[PDB]
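Enquirer: Return a 3D structure for these sequence lines:
(chains A, B, C, D, E, F, G and H)
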Amino acid sequence: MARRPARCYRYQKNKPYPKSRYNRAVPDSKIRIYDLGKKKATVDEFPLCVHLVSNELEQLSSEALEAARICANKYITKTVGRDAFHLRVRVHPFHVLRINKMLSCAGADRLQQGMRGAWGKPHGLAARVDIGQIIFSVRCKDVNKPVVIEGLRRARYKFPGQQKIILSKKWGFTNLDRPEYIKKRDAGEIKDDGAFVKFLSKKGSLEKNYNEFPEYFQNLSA
Amino acid sequence: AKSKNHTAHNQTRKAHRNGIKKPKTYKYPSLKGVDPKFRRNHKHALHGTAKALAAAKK
Amino acid sequence: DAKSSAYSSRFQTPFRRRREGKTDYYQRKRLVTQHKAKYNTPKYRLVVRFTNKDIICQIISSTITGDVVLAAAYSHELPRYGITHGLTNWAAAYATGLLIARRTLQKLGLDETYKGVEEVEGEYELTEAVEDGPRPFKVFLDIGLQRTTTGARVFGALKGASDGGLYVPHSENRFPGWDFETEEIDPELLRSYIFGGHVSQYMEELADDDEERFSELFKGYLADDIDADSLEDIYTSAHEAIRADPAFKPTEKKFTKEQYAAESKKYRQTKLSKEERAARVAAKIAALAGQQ
Amino acid sequence: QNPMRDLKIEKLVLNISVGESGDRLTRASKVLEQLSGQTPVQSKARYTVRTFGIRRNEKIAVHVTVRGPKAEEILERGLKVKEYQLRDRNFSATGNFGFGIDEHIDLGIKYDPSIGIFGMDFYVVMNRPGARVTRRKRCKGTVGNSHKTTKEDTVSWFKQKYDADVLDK
Amino acid sequence: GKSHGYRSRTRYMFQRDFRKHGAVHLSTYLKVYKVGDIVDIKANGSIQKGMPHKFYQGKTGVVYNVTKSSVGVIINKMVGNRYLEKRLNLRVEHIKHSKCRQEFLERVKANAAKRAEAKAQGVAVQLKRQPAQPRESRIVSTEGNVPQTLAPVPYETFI
RNA sequence: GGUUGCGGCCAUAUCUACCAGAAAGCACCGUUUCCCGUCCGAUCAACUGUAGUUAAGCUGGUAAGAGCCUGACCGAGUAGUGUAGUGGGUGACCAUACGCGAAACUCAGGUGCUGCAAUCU
RNA sequence: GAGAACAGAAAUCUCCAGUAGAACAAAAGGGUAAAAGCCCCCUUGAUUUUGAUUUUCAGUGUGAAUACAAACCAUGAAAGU
RNA sequence: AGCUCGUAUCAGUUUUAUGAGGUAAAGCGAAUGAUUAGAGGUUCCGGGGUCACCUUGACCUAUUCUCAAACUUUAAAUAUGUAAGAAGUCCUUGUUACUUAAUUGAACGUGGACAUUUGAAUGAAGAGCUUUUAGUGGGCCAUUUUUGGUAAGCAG
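Expert: Numbering: from 1, shown residues only, chains lettered A, B, ... in the order given. Sharing the structure here:
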């Protein structure tokens, strides 16, 4: 069946309707890959973190996420190559949209009842987002900033409503600001975990803390 | 044809026109459903109480 | 092993006494619940249990802040009444049942009434209510976690409390000498066990069979040079002594309370303060980072 | 080190898993009966498997346990055909250990008529005095780290007795 | 057919509190409930016999009857145009003393003590409660507590 | 002050590793004639506290311990929300005025208290 | 999880961890750990006279249930149920 | 139509205190259900390659991202129950064929003390009660919450 215009499913009218044992016969989401670029690069390789943040409260269709991801990958990759960045599509398609299947044939008013038993069948998936929530999060070296912001500006054209390009003060995908993450990394309580980092807490068994972060204790002692 | 099902509209105003009224509790409420074992003790007890008080007052 | 934080976060601990296993809270619920139309009448419990080299029998009442005791008895008071060895046996259980029963009846002022039975014949007999007078003091047996079996030491104390003028509601099904081909207790078997029959016959049996077991075991008896047949006499004497003056003369408390508290403190450990904890963890981190 | 912190043989369980029920089952029961001096118990099938000729609750096993001098002597007798040695395997992580012999009826006693053949599993429950702390009713505590029994403890003890060695392979 | 059963819409009403499942503690049986005490209704999921209806959860009323293992509670129920004396026969697990009696009773005792002292010395001890009266004039001084300005801060995205 | 018995609150008590426990107590522990129960005196039942032990249990202490509890001008008066507007915006929603006001988080603290009775270098 | 001849993924047995991730006739929900789960013993209270009360509600009925009383019982050592 | 009384046993109200709830929110380095990405670690329950030989198929541990009407530790606002006295408290002793081991308690009381306020605020327009009977039992809309629907001057 022909896909409905998203102007029908723009807003968060209905309650969340996720794939569960009550919502059984549902198709699969179009978007499947959520981390793109050099996704295994360590944290310090990509200091800069940019966000494409929605400024309103609507439903982003799963396939719209997928297509915007396609175009955002395309521009950034052909501008600064395969592995100068790592993008993460934060929102996820858990809301299952409903369509009331109908017949529009010759004289379908006979074989169809209209609104009697008008509970709609699953039509697809869409991702619920509120005001201020991040849709796209790209990390890269600082010099890549024009490239990543122009790629995000191209990704914004696939989303209904208004989104904004916010250059986060954080260091990469971390939860720390740049100048004080610099202090933390120099102090050495940061251990890579393939893509992200492990933080040394002031609380914990000191033997385990010694196993994971000898460098912090050596840096303090020296 | 299709007749509407339920509606609470205007029902609270209907309830508050003559006003929702307390049941006006009384001294010595009804000894209904209280423990019968206690009831018939209370019976003999009040019989004796009235006897003693009236006999004392002569 | 290696319990997850989620499990240790959602772990619902049982009540402390059930955590340590001492109290069965299911049966305690119905032991302490009262007919609500008996508002402030306590449900007195005759709690009799057994820790090795001791017996612990007492009368307890249930209050909101805790259980307050009316009168208590233990094994080490029996030597005053003469029973020197076997201060945890079945006859000792019956004897301390007499002791605690007469003790609590004395406490609440029911000496002359509810004398119980002097020449106990092992016959199941609840203390009958006195004609035109108060009913006998009714207490409810609480065995605790220990299993009920026919001819148990707990039910020896049951019979002791019943015969000490203290009405306990019970049945004879689990007294020793209960047959199943017939519904009748053996009064002779019960009365003989009361004076140590199950102990005296094993005295004479070991004496006939050998000497090594009869000496290694019951060596404390060998100190007193008492044979089997004197056990019944000493138990009758102890029963009469119990019936005479159940006044509960307490201990002397030599090396008294201040010495007890201070001496326990002098060896008792203490919890190190926060400053000590911080300084020791500083020393630990410095030692572990000392170019290790 | 300590007079009673050393291991001990609480119970030795002997298991004969019979394919079906009937006269053969009774034969296993009788032979293990005179072996242990006590009547074993029947282990009813837990669930039907549909490939073993076995339906649930069909009496497919015969096991008994022995504790004390009987257990000690019968362990000696079991090892007298096991060559007083075992392997690095067969030792459980909890301390217990086992081994399955293929025949006893003519191995240790006279092969009477009307008994057939039978092989049995020995499984020694091996621990230290004081484990009543976890099995008693009142104050059902739990044993501590030190009092626990490990395979290295058990292998040291099994070297100390039976003139035994480990890893026969 | 729509369901309006006895325990309808009670998925969460009788949830035993978190880490509070199992047998309930024994003070709830060891309390005393004399006739005339006003108690509230906190139903207990574990005990099944004597459960109230979901409507009475949280209500409060006087005890008109005391029974072998239960009490009789009078609740006012608003139905139609007027209340009704709903009489419940509740196992003593689902009830507990309402502390409004306790505070009122101790205020009555304190007020009687105030009346007695006024009966001796110092009349007009202000028996009634007084609401939070407006704060009377005061001097606020400035040693070490110099008035430091607070300026509205610029908007920072922090995203 | 420790221990036992009965408990109240029901983790500030739980859990994981390590250690200590003077005296008493407790426990393990010793043995099966009877009571009692099983296949097994292992549990339970009987007897001795007689052979010994703190090994374990129990108690307690340690852990930049997980957890649990408390508090914070910590997040945050944020989210949310009652009421009001001929307020904004096309709308989704939002700003305000008068109110109420969290949770996650960050940190600091703490790790049983207690009742009755008995008993102990 | 670790183990034990045949016997392997699953046959039986042993130990350990196991806040319940199982079971309770049947849907779903709730509830339950020395039990409301599994096994064993005994029974019929799945009995009578009714009356009162809660839910549906008109505070009618039917249905369901709760709490008693007067009996007689079952069980338990008993409280109790 | 009244009747019984004459400022109250009151209130679409509030404060104090006291509950109760499981929505909004928040939460998944918390349970169940989802989920994206990796990092570190396995028995001869298969290495697929030299019979214990780096050798890939899992599972766990610390993480990271986004969620939930039929998920939740936690948890508002609003709405909601109750109480704020003379129908109460306190003292003493009287009945009981109930209860108690009891001359114990429970209930109902006898006698005695309870003005500055007889015990929070505000108002009370009179308060309470009975009988009787009409019409009505087709609804509609607006702000806010919200179900189905693409949406509706749509339906609920």
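Enquirer: for the chain, what spans make up the helices?
Expert: No chain was given, so I picked chain A. A:62-80, A:145-156, A:178-187, A:206-212, A:214-221 (DSSP state H).
Enquirer: Chain E, not that one
Expert: Going by DSSP H, chain E shows helices at E:27-30, E:99-120.
Enquirer: Chain B now?
Expert: Using DSSP H, helices in chain B cover B:11-17, B:36-57.
Enquirer: list the contacts for residue E:142?
Expert: For residue E:142, the contact set (C-beta atoms under 8 Å, 6 or more residues apart in numbering or on different chains) is empty. Bear in mind the C-beta positions are built from the backbone N, C-alpha and C, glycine included.
Enquirer: Kindly provide the distance from it to residue E:148.
Expert: To residue E:148, residue E:142 is 11 Å away according to C-beta to C-beta, to the nearest Å.
Enquirer: and if you look at residue B:47?
Expert: For residue B:47, the distance to residue E:148 - C-beta to C-beta - is 82 Å.
Enquirer: Looking at those two, which one has more neighbours?
Expert: residue B:47 (10 against 5; other C-beta atoms under 10 Å in any protein chain shown).
Enquirer: Would you quantify the distance from the more buried one to RNA strand H?
Expert: Separation of residue B:47 from RNA strand H (C-beta to the nearest atom of the strand, to the nearest Å): 7 Å.
Enquirer: what number of residues lie near residue C:38?
Expert: Residue C:38: 12 neighbours (other C-beta under 10 Å).
Enquirer: Confirm that it sits in a helix.
Expert: No. When the secondary structure is assigned by DSSP: H, G, I helix; E, B strand; the rest coil, residue C:38 falls in coil instead of a helix.
Enquirer: Kindly reformat the helices of chain A as a markdown table containing mean neighbour count and distance to chain C.
Expert: Formatted as a markdown table, these follow (neighbours: other C-beta atoms under 10 Å in any protein chain shown; distance: least, C-beta to the nearest C-beta, whole Å):
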| stretch | mean neighbour count | distance to chain C |
| --- | --- | --- |
| helix A:62-80 | 19 | 31 |
| helix A:145-156 | 20 | 38 |
| helix A:178-187 | 14 | 14 |
| helix A:206-212 | 13 | 5 |
| helix A:214-221 | 15 | 4 |
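Enquirer: Tell me which of those helices approaches residue D:127 most closely.
Expert: For residue D:127, the closest of these is helix A:206-212, at 30.9 Å, according to C-beta to C-beta.
Enquirer: Check the offset of that closest one from the chain's centre.
Expert: Averaging C-alpha positions (C-alpha atoms, centre = their mean, to the nearest Å) puts helix A:206-212 34 Å from its chain's average.
Enquirer: Quick check: closest non-adjacent residue to residue C:215.
Expert: residue C:222 (6.1 Å; C-beta to C-beta, 6 or more residues apart in numbering or on different chains).
Enquirer: Actually, residue C:89.
Expert: Residue C:89 sits nearest to residue C:199 (C-beta to C-beta, 6+ apart), 6.4 Å away.
Enquirer: same question, residue C:179
Expert: Nearest to residue C:179 is residue C:186, by C-beta to C-beta, 6+ apart, at 7.4 Å.
Enquirer: Please give me every residue in contact with that neighbour.
Expert: C:122, C:176-179.
Enquirer: how far away is it from residue C:236?
Expert: 20 Å.
Enquirer: Ok, residue C:159 next?
Expert: 16 Å.
Enquirer: what about residue 85, neighbour count?
Expert: This is for chain A. 28.
Enquirer: let's do chain E instead
Expert: For residue E:85, using other C-beta under 10 Å, the count is 15.
Enquirer: which residues touch the residue nearest the centre of chain A?
Expert: In chain A, the residue lying closest to the centroid (C-alpha atoms, centre = their mean) is residue A:90, at 1.7 Å. By C-beta under 8 Å, 6+ apart, residue A:90 lies in contact with A:133-137.
Enquirer: For residue D:95, which non-adjacent residue is closest in space?
Expert: Per C-beta to C-beta, 6+ apart, closest to residue D:95 is residue D:149, 3.0 Å.
Enquirer: Nearest to residue E:89, out of the helices of chain E?
Expert: helix E:27-30 (16.7 Å).
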